[PDB]
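So the protein lines, in turn, are chains A, B and C. In this text, residue positions in the first sequence follow this note's numbering: the first is 5, and each later residue adds one. In this text, residue positions in the second sequence follow this note's numbering: the first is 5, and each later residue adds one. In this text, residue positions in the third sequence follow this note's numbering: the first is 168, and each later residue adds one.
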Amino acid sequence: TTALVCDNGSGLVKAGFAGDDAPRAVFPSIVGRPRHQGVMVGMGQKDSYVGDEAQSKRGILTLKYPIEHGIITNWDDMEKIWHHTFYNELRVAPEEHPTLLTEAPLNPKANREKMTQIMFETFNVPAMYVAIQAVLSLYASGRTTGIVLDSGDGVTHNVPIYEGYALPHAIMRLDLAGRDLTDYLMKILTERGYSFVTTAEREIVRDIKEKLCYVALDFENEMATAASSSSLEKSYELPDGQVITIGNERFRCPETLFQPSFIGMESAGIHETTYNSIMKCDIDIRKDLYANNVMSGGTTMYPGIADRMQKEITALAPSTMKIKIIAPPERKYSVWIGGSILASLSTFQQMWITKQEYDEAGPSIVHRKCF
Amino acid sequence: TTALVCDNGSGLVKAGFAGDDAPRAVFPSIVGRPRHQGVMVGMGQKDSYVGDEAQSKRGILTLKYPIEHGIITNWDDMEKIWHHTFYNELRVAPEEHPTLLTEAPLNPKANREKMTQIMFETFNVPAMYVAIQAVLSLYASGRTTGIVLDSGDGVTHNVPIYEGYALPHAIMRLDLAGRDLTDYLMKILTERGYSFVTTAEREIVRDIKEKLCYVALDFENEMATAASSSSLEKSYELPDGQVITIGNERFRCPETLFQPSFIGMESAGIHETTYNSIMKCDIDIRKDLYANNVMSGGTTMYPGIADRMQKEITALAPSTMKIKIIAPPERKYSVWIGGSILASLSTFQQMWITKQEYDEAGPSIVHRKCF
Amino acid sequence: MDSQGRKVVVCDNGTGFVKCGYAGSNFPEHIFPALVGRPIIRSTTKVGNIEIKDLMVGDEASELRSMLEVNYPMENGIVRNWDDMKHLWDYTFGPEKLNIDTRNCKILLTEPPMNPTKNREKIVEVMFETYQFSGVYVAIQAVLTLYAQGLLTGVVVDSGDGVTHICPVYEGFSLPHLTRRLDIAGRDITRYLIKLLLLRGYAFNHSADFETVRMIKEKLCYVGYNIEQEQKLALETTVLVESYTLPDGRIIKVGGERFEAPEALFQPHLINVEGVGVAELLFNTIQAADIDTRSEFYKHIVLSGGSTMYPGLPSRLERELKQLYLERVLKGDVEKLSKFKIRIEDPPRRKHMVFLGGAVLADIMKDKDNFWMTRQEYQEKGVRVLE
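As structure tokens, this is what we get:
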């Protein structure tokens with residue numbers, strides 16, 4: 005009873021409640037199970053583990069992540085997170101709750117059905133409404149006009165809008181995000197020397213990539229420098245004390261976005277692909293859209309990229325257009341916070357699919373009710 | 005003697021000798037390129053690959069038709085096709101004897117300079133011309149009057165006709181072609197559920213689109229039936245393994261030309277637009293079209309096409325309009341057949357601009373015929 | 168070719184053996200274990216009186232065990248010394264292994280993918296402080312398989328004692344951001360396998376003993392094919408077990424571990440260090456492989472070395488790879504499982520192709536400074552030695 009506010013995207017859980025102005029808690033969407041036998045069963049640690057408590061204990065366990073179109077899903081034991089996430093981390097089962105939900109476009113049709121078959125026939129939530137997560141950033145930021153080029157950890161989009169009318173032929177889905185970097189990123193530096201790494205260490209290649217790396221500002225001459233130079237070394241210390249001298253690395257992968265051709269790819273650059281996408285975007289407001297961009301979304305704190313984009317946007321920009329590109333604080337959190345603005349609206353509660361509607365349409369309501 | 009004769013158009017290049025009834029030689033108007041590595045170079049192979057060379061060597065190549073809005077972009081590459089067309093195809097020389105030439109009306113006109121320059125300065129038929137294809141399709145039909153649809157691979161034109169004079173401002177030269185369906189049909193795959201997109205998957209999206217697709221017959225109820233009874237969906241092996249049975253899609257895409265606007269799409273129905281050619285005609289001249297509904301170009305070999313169209317054309321048509329359908333064997337090649345029928349009338353001897361006339365009058369000799 | 172059969176050489180820098188000779192020799196015309204050692208302690212007794220030699224390399228080091236301090240200063244079959252290698256090189260130039268000199272001459276060798284090449288470069292600079300060839304060639308280790316036959320596609324695959332490799336290939340390009348290998352073979356399998364034998368009471372000191380598994384592993388070992396029916400049979404029958412004379416005399420008694428040690432390939436969690444093993448990696452590899460490539464790969468993927476002259480495991484793999492396919496991907500369609508034509512891909516020539524894989528390039532390349540990298544391009548301080 006009442007409704008609740010969170011981020012449920014492929015990266016971090018960012019759980020909170022309605023009437024806050026940040027998530028209550030921010031943590032990884034990890035779960036899994038002892039592939040290494042917990043032999044002395046009950047030996048001060050679990051039979052299966054989640055999030056932080058799995059990460060605190062990780063090596064015993066095979067630990068999971070869910071999605072790619074026609075190449076990854078797991079659907080069921082998403083439960084295994086959820087119910088504890090709820091009846092412990094929300095400290096309630098959503099079986100009680102009028103409820104906020106979110107999704108993304110062009111899932112398999114049946115995706116919506118597995119969701120809803122769970123929501124009702126499993127979790128028995130009374131009433132609820134699904135939406136696009138970017139709407140909450142827009143609840144916060146209030147823009148009419150712009151393209152939300154974005155990456156999470158686990159998904160990418162462009163989102164053109166104009167004066168209402170978020171563009172249904174020009175808003176985009178792509179699987180690639182903050183995820184896929186670390187894999188390539190691992191491949192090299194037994195070159196640097198570090199002959200000692202796997203998945204369980206890909207862990208820290210998730211990490212330093214985000215703690216201190218920035219997107220290169222003009223990577224060509226940063227590498228013309230590196231090909232002769234050693235001044236860059238904001239280095240890292242291995243687990244109990246070896247400083248791996250490091251710090252030119254701290255931007256070196258970040259051309260791969262402008263050049264998926266690095267990874268051999270049939271894809272043009274990020275910017276090229278977005279300029280191509282602008283041909284699918286409206287013909288007219290290609291005037292406007294330069295003067296029309298401000299930060300929100302989890303990645304939006306990241307260094308070296310924002311100028312690089314404004315600069316590359318500029319390097320492809322027309323005359324008669326002003327290249328407004330701006331980064332307000334807490335941009336990383338404005339989806340959670342926008343969800344707590346949305347929680348003010350009794351009409352969004354009038355927007356609920358009731359469990360009743362998943363009975364009285366039969367199941368069949370979902371592709372013809374939620375946002 | 006012979007004027008060489010062709011469907012020089014989109015999809016395949018299709019050429020023969022006048023006095024054939026059909027092209028002696030046919031191959032895709034494709035270019036493949038090694039955009040990404042096949043490292044054992046010195047194995048004696050190109051950077052750029054004509055048509056069936058591309059269809060062969062797409063074991064490595066990635067490909068395009070370099071044709072913006074149905075308009076050639078890259079003479080530079082395109083000529084190596086025409087090269088290929090006697091390196092490999094008709095072999096008897098351009099400089100040997102005449103050859104028939106066609107295009108379609110209103111253009112970035114100065115295109116024709118490169119074109120005419122090329123036509124003499126590389127290949128140098130001793131004499132040549134610049135025409136428009138619908139004569140041929142009527143000539144294969146047995147007419148000098150009526151109406152013609154080019155429903156081709158890479159463009160359309162609908163063309164009303166008056167004994168070697170025009171019904172000019174009713175000629176619906178049209179952006180659409182059999183190609184454009186594939187865009188939507190490439191998107192259906194995502195909410196059908198799967199892992200698909202590429203330049204190669206877009207070619208893969210052609211096969212049912214030739215084969216098991218057809219123009220829908222009463223789509224509102226057809227979809228209501230396929231949704232209630234997906235026995236309207238027909239099996240097809242997919243060598244990928246996300247294998248299907250497809251139907252609602254299989255006539256969705258063929259109907260959406262009639263029914264497009266929900267995704268922001270400022271598109272009418274195809275049928276209404278064709279009827280707008282008729283609206284630009286007169287009761288003085290309109291039955292002259294309906295007595296002569298001649299099919300041509302790539303798509304016209306479809307199921308459902310002439311059936312739904314005669315339905316919708318009848319539903320748009322006045323009284324007196326016998327919607328006389330002419331859908332001949334090889335309608336799709338009435339261009340080629342008709343090309344031989346035009347080229348076998350000797351008067352084109354007089355039509356040809358010699359290399360000497362193009363030198364003497366300048367290449368500009370053949371534009372200004374605007375009536 | 169355009170000059171004598173001498174003065175150019177080919178060599179496998181292999182982890183079990185070095186296999187080497189003048190370029191286009193019939194075999195790698197000398198072969199020796201990749202061994203070295205220089206004196207320490209073994210006897211505890213008044214025997215031997217030998218006089219004849221101190222240090223040893225390879226085929227002459229064989230007899231000696233701890234009479235030499237033997238070494239392999241290594242990780243992943245990639246060395247971490249510069250110098251005993253030198254004393255080996257210095258040995259090899261004799262009829263010892265080669266009967267050669269080098270400045271006057273040229274040579275063909277190989278490089279690890281992600282070799283940290285600064286160390287190759289230092290070695291090469293030393294080689295061009297010493298052996299100093301008039302020209303040289305080096306290429307990525309797996310590439311040289313496709314040479315006796317001029318091949319272009321598949322995955323390129325290797326194993327032995329020290330390492331395993333898994334190179335995805337098309338039009339000769341390996342797919343690099345996509346590439347795989349596995350960093351071991353029979354060595355630490357012998358550690359695990361000998362751990363089984365302690366428990367039988369065969370608690371024997373490794374330091375003098377581990378490489379006994381090598382004798383049988385080289386001379387005598389195999390894989391079955393029926394293998395799940397073979398598990399059923401093995402404990403129910405019991406009498407299907409084996410034994411052999413350790414050639415000091417001792418017949419010791421030995422079960423399925425002879426070729427159940429291979430199960431740790433396909434279930435590394437055998438060693439508790441987890442794994443779905445190489446056959447699941449292979450599934451993942453071909454899941455990543457595209458429609459055409461994966462379908463061709465039903466009869467179009469490539470193998471190498473003496474470590475592939477191996478019974479029954481190929482048969483068990485296709486027996487197996489009809490499954491995960493049908494299971495996970497056909498999700499119960501079956502009607503084409505043989506119609507996916509399947510023909511085998513490891514021939515008798517995989518024996519000699521350890522060096523004959525390389526030799527068929529020299530057969531078209533000895534006259535090509537189009538191919539020869541050089542001592543000059545080292546002497547330049549040139550960014551690499553190569554044309």
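Virtual Cβ for every residue (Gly too), placed ideally from N, Cα, C.
C-beta contact flag for residue 512/C and residue 537/C at 9 Å: no
Cutoff 9 Å: residue 454/C Cβ touching any chain A Cβ: yes
Neighbour list for residue 458/C in chain B, Cβ cutoff strictly below 7 Å: 243 and 244
Strand pairing of residue 404/B, partner residues [DSSP]: With chain B represented from 5 up to 375, any question about residue 404/B goes unanswered, as that position is not in the structure.
Strand pairing of residue 332/C, partner residues [DSSP]: 325/C and 348/C
Proximity to residue 450/C [Cα-Cα], best of 439/C, 464/C and 405/C: 464/C
Pairwise C-alpha distance: residue 192/B and residue 361/A: 27 Å
Pairwise C-alpha distance: residue 350/C and residue 329/C: 8 Å
DSSP state of residue 214/C mapped onto helix, strand, coil: coil
Within chain C, the residues that residue 40/A reaches when beta carbons sit closer than 7 Å: 439 and 441
Close beta carbons around residue 425/C, own chain, < 7 Å, minus the five adjacent residues each side: 388 and 409
Chain C contact residues for residue 274/A, given Cβ-Cβ distances below 9 Å: Neighbours of residue 274/A on chain C: none; closest Cβ ~17 Å, over 9 Å.
Contacts that residue 75/A makes with chain B (C-beta to C-beta distance below 8 Å): 199
CB of residue 473/C within 9 Å of CB of residue 317/C, strictly: no
Within chain C, partners of residue 287/B - CB distance below 8 Å: The contacting residues do not exist; residue 287/B stays about 56 Å from chain C at best.
Proximity below 9 Å, CB of residue 91/A to CB of residue 33/A: no
Selected residue, minimal CA-CA separation from residue 100/A, among 50/A, 126/A, 111/A and 76/A: 126/A
Residue 312/A burial status per 10 Å Cβ neighbour count (16 or more: buried): buried
Contacting residues, own chain, Cβ-Cβ under 7 Å from residue 205/C (five flanking each side not counted): 221, 222, 235 and 236
Closer than 9 Å to chain A by CB, residue 385/C: no
Under 9 Å from the C-beta of residue 194/A: neighbouring residues of chain C: 281 and 283
Residue 290/C beta carbon near the ligand PLP (any heavy atom closer than 8 Å): Ligands in the displayed structure: none, and consequently the ligand PLP is not present.
Endpoints, the alpha helix (DSSP H) within which residue 545/C is located: 542-546
Neighbour-count burial assignment, residue 58/B, 16 or more Cβ in a 10 Å radius: buried
Coarse secondary structure for residue 18/A, derived from DSSP in three states: strand
Chain B within 9 Å of residue 500/C, Cβ atoms only: yes
With 16 other Cβ atoms within 10 Å as the buried cut-off, status of residue 154/B: buried
Contact with chain C by residue 64/B, beta-carbon distance below 9 Å: yes
Near-chain C residues of the stretch 198-222 of chain B (beta-carbon distance less than 8 Å), N- to C-terminal order: none
Extent of the continuous alpha helix (DSSP H) run through residue 190/B: 185-196
Straight-line Cα distance separating residue 24/B from residue 144/B: 13 Å
Contact with chain B by residue 340/C, beta-carbon distance below 9 Å: yes
Length of the line joining the Cα atoms of residue 290/B and residue 209/B: 38 Å
Stretch-stretch touch, CB-based, cutoff 8 Å, three pairs: the stretch 160-171 of chain B with the stretch 345-358 of chain B: no
C-alpha distance - residue 385/B paired with residue 201/B, whole-angstrom precision: Since the first residue shown for chain B is 5 and the last is 375, residue 385/B is missing from the structure and cannot be characterised.
Under 9 Å between C-beta atoms of residue 469/C and residue 310/C: no
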